[PDB]
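Note sheet for the following structure.
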Amino acid sequence: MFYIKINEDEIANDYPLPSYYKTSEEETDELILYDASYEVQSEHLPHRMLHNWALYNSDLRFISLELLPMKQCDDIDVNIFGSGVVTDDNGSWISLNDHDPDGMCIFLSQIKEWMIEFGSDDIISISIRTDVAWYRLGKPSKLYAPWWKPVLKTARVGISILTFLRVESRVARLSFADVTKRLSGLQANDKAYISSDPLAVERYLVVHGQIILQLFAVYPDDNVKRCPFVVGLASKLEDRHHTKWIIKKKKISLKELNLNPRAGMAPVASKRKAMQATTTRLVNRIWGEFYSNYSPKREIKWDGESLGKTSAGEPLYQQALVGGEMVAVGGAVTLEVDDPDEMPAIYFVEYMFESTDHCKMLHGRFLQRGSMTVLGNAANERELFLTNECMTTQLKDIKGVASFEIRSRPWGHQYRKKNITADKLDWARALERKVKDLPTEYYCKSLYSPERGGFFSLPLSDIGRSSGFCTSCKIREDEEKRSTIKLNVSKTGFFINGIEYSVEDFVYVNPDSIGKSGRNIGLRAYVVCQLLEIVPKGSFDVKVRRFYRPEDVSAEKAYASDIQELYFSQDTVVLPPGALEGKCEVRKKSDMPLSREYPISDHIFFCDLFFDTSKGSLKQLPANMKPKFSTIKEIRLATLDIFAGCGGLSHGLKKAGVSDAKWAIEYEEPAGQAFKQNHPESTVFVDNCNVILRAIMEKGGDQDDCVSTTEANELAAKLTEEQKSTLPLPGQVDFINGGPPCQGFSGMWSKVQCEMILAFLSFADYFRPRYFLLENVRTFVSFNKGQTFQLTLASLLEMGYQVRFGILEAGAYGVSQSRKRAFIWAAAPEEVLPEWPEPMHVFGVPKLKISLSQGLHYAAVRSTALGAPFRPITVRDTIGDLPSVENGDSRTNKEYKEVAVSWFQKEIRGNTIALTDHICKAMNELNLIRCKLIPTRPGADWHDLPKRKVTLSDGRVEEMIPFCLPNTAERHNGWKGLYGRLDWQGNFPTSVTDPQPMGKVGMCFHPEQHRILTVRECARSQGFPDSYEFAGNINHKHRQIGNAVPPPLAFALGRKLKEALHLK
Ligand SMILES: Nc1ncnc2c1ncn2[C@@H]1O[C@H](CSCC[C@H](N)C(=O)O)[C@@H](O)[C@H]1O
Ligand SMILES: [Zn+2]
């Protein structure tokens, strides 16, 4: 007879989304523990048991027991294997109404059968077979349990049908339709609940029909083998998706070696246990207090003489008495808010005067509570911040005078002990006043600027002047004067947004004002136009003549041409003044500057050709005339890099001229060798930062400020005398940068104590550098309900830093990858906090925002999707000149065969003749066939693979279409991008970070070659020059490239620090 198997599409609606198998321990193979298997009846084979088992196909995907025969077949087209811990046949059974000394850990051969035996009701047992023995099953692994539960549900349904076919007795009474009816009426709590719809019920029964069919053969009674239901289910079933195998009785024997996918595969590395971070006691206090609290008629007179006069002729005073209390300039007062439930508001006195008629009036600046800023619940109860907002009220509206001081404290590592003692004294005084219940004393140290996204230092000479003159009032008046169109003089020019436009200037015009990996396609850059005159239409319009870019002729001419080139024309437009975005410069080609930077950073173009729009021909500029091509012409800081990697941030910060990476701490051997290969004068420590900070504190005598574990103490005592003398002591470090792998969970505090952000912050606390830079993923601002970000800010503010936060997009600075990163800048009180770099490339990103509290947001830079100074950068611009390689090419040193054509390929190569690391990961045979059968078009993925059966060189028959996740219902979106190919005219996705060759491939194939992206190609999509060197095996090199901050973005950030270092 023929055995009908129901294909995976019919049974997929019940099983979870596909997932794959991983292990860390070595496994013996099955075939060596047993002798050779000659012709033997399947009755007489070893009987054993398995614990912590799983089942998987040749791609390592989790698979069901319903895809194996219930009986003995001859040929099987499905290759199923497994894992298990071998033990002895003891006799365990599973109870439906509801030990591992590692006998040995094995990986199994081709599974060819399974079986269910019926004990008592609610007690069954399940056994499986390979060609050497019989194996009985026990408790499954945690991750394969979701593929175990649907089998027992069908067991319950079958038991129920037996019960109410015999309970009703007259076994030959119920019919398929009758059973569907009685099943359908069950309540939604019984364990045999299929569905309340007849059609869904019959679907379930027919789809899972072989389990019921065997359970209706091993249930002891000669009353259920001829039932109408039994023969109905078998006569049905055919009208579903099915495969037809042959049932024959045979006599077993091995023929093949173990074709398990795990044969010859190394186990993956461990998940190294987190150890408690080495912190200082200040950081420990800050982070531990939070996690132990949280988530675990009256007279008035002027006092004294007059000081001067405001610029209206009105007297100006300094000290006033509000009924017994004293109010002074520099103090603070509390005003009674409308609703008598919230706390009062506190105002900083700027000046007080007597109005024209007669009044007692003051002008105040708003002092805000740290509870209502981005800090929130992490802020001190006594810390107030200064804002830009002002207020004028009468001196009768006060509730009372607050107690307030401005805290100016000295800076340096040399002062950090005296500070700690003074802080503890103040904390004790605060507790004493709270218990006796006296008033609160407040202090201010910083300035809150929600529109600049940071805490800045106090302008101490600007505040509290008592001269009738307020700085914030000037700033607001200027900001409202800035928003008017001001045609200068009678004519010839104007003012918009603070930019003066004159006649014969070159301007930027918005592209629309003049007329998948694909997101910049259809996105255009500014239109470069020349201003001719001013037309009446006082509100005016402007007359402009335009420039055509290489983009506007064809795509190939844009590939060939420099990115700062423009084509002349004779086209004129009349425009409204509000379409004008900025000013640029256009020179002749010979007048262009000699210095070339990869991030271009300046607004300069050149012209040499003509574009006749009527015929579409490029020709030399008409000698007839020329369009007046106007525009006629030590600070380096000693650096410590923590969590270094291969050096993406240090390369960009050393190129710009601010860093000299003298010390570095990377605990992995491959990344440390890669770092030392490229920065040969740097001292590299391949050690955990928890042991390095312990050694540094031990070298200064400060072993009592250290919170450390004893094993780290022993590791710090196991250092060579040579290594100890090359350590950074506090005093010699002026700049600290780092990429800590901060995480997200909840804690238990016990589970938060093991986080690497605490050790980084302790490095900042011990060394106290001039500048501090933190980089991390964009999700950092939303980990743990925003608590890690809030606590990081509060920790940096307890020391005395200025802090600034922002999210930046790398594609707007010159790369083909869309990497979003979060940056925190910290500077001493007496420095200048670096600005943010200007994005000059067009990218399709919607303006990344950080949520300040109380309904406000902040965004650091602009969005360039509607127009930017330069043209986007494509895949052909990045990898178009590299030679052709094949699957699994290991040759590290090759040669260049073509020359550069595009601007990017002339920046990246330079004067390099040796092509290193143009190697790719090897795909096995079945994945290679699928990669060769994918079309070379934009947006081609696994939906393009024909449904077919592939025969390999082993004799294995496999399936062309990989993961099966439709489950024909929502909970998936088609899984677009898996087994995907890139687009020549698009950009690199952020899924080529560590391409995987086996299970869930992703979008990593070459646009025309049948292979995965090479290491060199992934290095060029982040801006790494062709001379940069990597180290390790291929996996470590891909990891080193994936973790890095792009060197172009790091150059732009470091060039803004070099401007801040000149302004001091
Ligand atoms: N406890 C620890 N001590 C030192 N290094 C660690 C560490 N835990 C992780 N690391 C290393 O720190 C690095 C964090 S990635 C930092 C990336 C770096 N910005 C760059 O520019 O390339 C990883 O390479 C990791 O290997
Ligand atoms: Zn003011």
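Numbering (the deposited numbering), first residue to last: 344 to 441, 449 to 646, 707 to 925, 936 to 957, 965 to 1060, 1090 to 1204, 1212 to 1527. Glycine included, each C-beta is placed from N, C-alpha and C at the ideal position.
Just grab the DSSP bridge partners of residue i for me.
i              : result
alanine 1117   : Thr1095
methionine 392 : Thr430, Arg486
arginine 520   : Bridge partners of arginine 520: none, in fact.
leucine 993    : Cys1034
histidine 773  : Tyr761, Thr802
Is the beta carbon of residue i within less than 7 Å of some heavy atom of ligand 2?
i              : result
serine 882     : yes
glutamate 709  : no
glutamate 889  : no
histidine 1135 : no
Below 7 Å, is the gap between the Cβ of residue i and the nearest heavy atom of ligand 1?
i                  : result
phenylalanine 1099 : yes
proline 1126       : no
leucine 563        : no
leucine 1516       : no
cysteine 1198      : no
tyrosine 1321      : no
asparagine 1146    : yes
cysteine 1102      : yes
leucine 1105       : yes
Taking the beta strand (DSSP E) that residue i belongs to, which residues open and close that run?
i              : result
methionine 762 : 755 to 764
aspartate 968  : 968 to 973
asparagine 798 : 793 to 804
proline 1332   : From DSSP, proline 1332 is part of no beta strand (DSSP E); its letter is neither H nor E.
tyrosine 364   : First-last for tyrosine 364: undefined, no H or E at that position.
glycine 864    : 864 to 867
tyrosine 1276  : Run containing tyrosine 1276: none; DSSP gives neither H nor E here.
Hey, could you find the ends of the alpha helix (DSSP H) residue i is sitting in?
i                 : result
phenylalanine 514 : 499 to 516
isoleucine 816    : Unbroken run through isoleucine 816 is the beta strand (DSSP E), 808 to 816; no alpha helix (DSSP H).
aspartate 528     : 526 to 534
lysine 1111       : 1104 to 1111
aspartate 1035    : Run containing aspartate 1035: none in the alpha helix (DSSP H); it sits in the beta strand (DSSP E), 1031 to 1039.
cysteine 883      : 881 to 891
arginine 1233     : Segment: none, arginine 1233 is in no alpha helix (DSSP H) and carries neither H nor E.
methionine 1052   : No alpha helix (DSSP H) holds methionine 1052; DSSP gives it neither H nor E.
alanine 1130      : 1125 to 1134
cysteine 1481     : 1478 to 1483
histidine 1499    : 1497 to 1505
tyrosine 986      : 982 to 987
Spatial neighbours of residue i within its chain, please: C-beta separation below 8 Å, excluding the five flanking residues on both sides.
i             : result
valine 919    : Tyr946, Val947, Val948, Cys949, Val971, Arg973, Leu1002, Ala1006, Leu1007, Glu1008
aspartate 547 : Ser534
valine 1338   : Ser1279, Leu1445, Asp1446, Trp1447, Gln1448, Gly1449, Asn1450, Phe1451, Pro1470
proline 921   : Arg944, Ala945, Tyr946, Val947, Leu1329, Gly1330
Can you name, in chain order, every residue of its own chain whose Cβ lies under 7 Å from the Cβ of residue i, other than the five neighbours on each side?
i                  : result
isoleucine 906     : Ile895, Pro1004, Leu1007
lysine 1111        : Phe1514
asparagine 356     : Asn1430, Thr1431, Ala1432
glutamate 1170     : none
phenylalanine 1056 : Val1013, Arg1014, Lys1015, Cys1034
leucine 487        : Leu393, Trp396, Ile476, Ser477, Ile478
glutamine 804      : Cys769, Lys770, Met771
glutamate 1154     : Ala1172
Go through its chain and collect everything with a Cβ distance to residue i's Cβ below 6 Å, but skip five positions before and after it.
i            : result
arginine 404 : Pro361, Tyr363
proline 1458 : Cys1467, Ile1475
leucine 1520 : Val1114, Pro1297
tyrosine 485 : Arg391, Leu393, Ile478
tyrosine 554 : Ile544
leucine 1319 : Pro860
Can residue i be considered in contact with ligand 4, in the sense that its beta carbon sits closer than 7 Å to one or more heavy atoms?
i             : result
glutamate 760 : Absence of ligand 4 is noted for the structure shown, with ligand 1 and ligand 2 being the only ligands found.
Within the stretch 1326 to 1409, ranges of the alpha helix (DSSP H) (whole runs, at least 4 residues): 1339 to 1342, 1366 to 1372, 1388 to 1395
Counting only runs that start and end within the stretch 556 to 630, where is the alpha helix (DSSP H) found for 4 or more residues in a row? 559 to 565, 578 to 585
What are the start and end residues of each continuous alpha helix (DSSP H) run of 4 or more residues lying completely inside the stretch 1136 to 1181, in chain order? 1145 to 1154, 1166 to 1173, 1177 to 1181
Entirely within the stretch 1244 to 1297 and at least 4 residues each: give me those alpha helix (DSSP H) ranges in chain order. 1250 to 1262
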